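Only one chain is shown below, in structure tokens, and it's the form deposited in one PDB entry.
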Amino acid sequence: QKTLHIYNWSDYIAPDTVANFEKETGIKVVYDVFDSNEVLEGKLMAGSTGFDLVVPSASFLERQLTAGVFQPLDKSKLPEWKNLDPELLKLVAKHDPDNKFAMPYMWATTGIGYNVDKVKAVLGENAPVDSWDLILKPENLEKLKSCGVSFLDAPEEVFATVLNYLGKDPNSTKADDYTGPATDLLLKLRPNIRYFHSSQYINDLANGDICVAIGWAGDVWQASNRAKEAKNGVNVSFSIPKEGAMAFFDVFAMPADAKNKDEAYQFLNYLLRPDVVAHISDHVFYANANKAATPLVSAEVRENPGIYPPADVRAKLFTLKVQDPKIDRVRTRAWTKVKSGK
């Protein structure tokens, strides 16, 4: 009687997905969650994770492959692979050549989640919720402090967002861009930021405890739905700002030392079933990478342009690149200064 150990992002599966898989297959699943690519990457680089499946963002998987931490997926054990969208596979192949190691799961953008009524109360009806100006102009963030501001604890995404806002290459390789203008701006914003955290902002948005967050799209749409279901009067929305935003692709991968590989393939093939992954998207408010599943996704999710954005929005999205030791050094040092004080 076998087990399967899965490590996924929090708030990233439907409530019954695992139970349904267990009932079908007789496999027992141990399911654990993270909210940080850095936490997962540290575990993968430090030794064995004790997991059979993990879910990095593809930009992080790109560098993890060169450490040999994953094993290549045997496509013969993944007959439902045919359901994946060829255009999304090509994009993920920029990180995972020939799609050898990674199964695309969900994708979205890093944008602005906000309480509609509170932001308009503070910055007026014409609050610039369509722009990173809302939170990256110090004068706006000084006012939004009154109702609470969170940033993601995600250094690579935050710096790339700030760099793009400043008109630099989002993946600048100029150290001075990080130590100079990006740091200078973030240090002006810091006094007005309540916390840096990549998951507490969901319930804090939903409950009205913060009014603006840098957030991942589906997380914010979940906060909006939780508030609606609580009938608490809180109106949360999400914006892909006009200056552009980072897109990401989260992907399942199999550690090279996975104990229960056959069971891991069974779960991957299960997630590739159109009705399974559409049901997930319906609950987590993220676009999946399964073309066959799209018609089965609820209209509420499929028709939301902050989840399944149209081509003209997609054209303004950017993706992360791998950096060298120097940039990693200067960026991480700068991030520690920005978060200083807790």
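The numbering used is simple: start at 1 and walk along the sequence shown.
There is another form of this protein, the form deposited in another entry, and it is not shown here; the text below is about that form.
Hinge residue among 231, 275, 86, 310 (rigid parts rotating between this form and the one not shown)
Checking each of 231, 275, 86, 310, the hinge one is 310.
Direction of C-alpha distance change in the other entry, residue 10 to residue 236 (at least 3 Å)
Farther apart, by at least 3 Å.
Compare the CA separation of residue 291 and residue 239 in the other entry with the one in the displayed structure, and answer closer or farther (the difference is at least 3 Å).
Distance between the C-alphas of residue 291 and residue 239: shorter in the other entry, by 3 Å or more.
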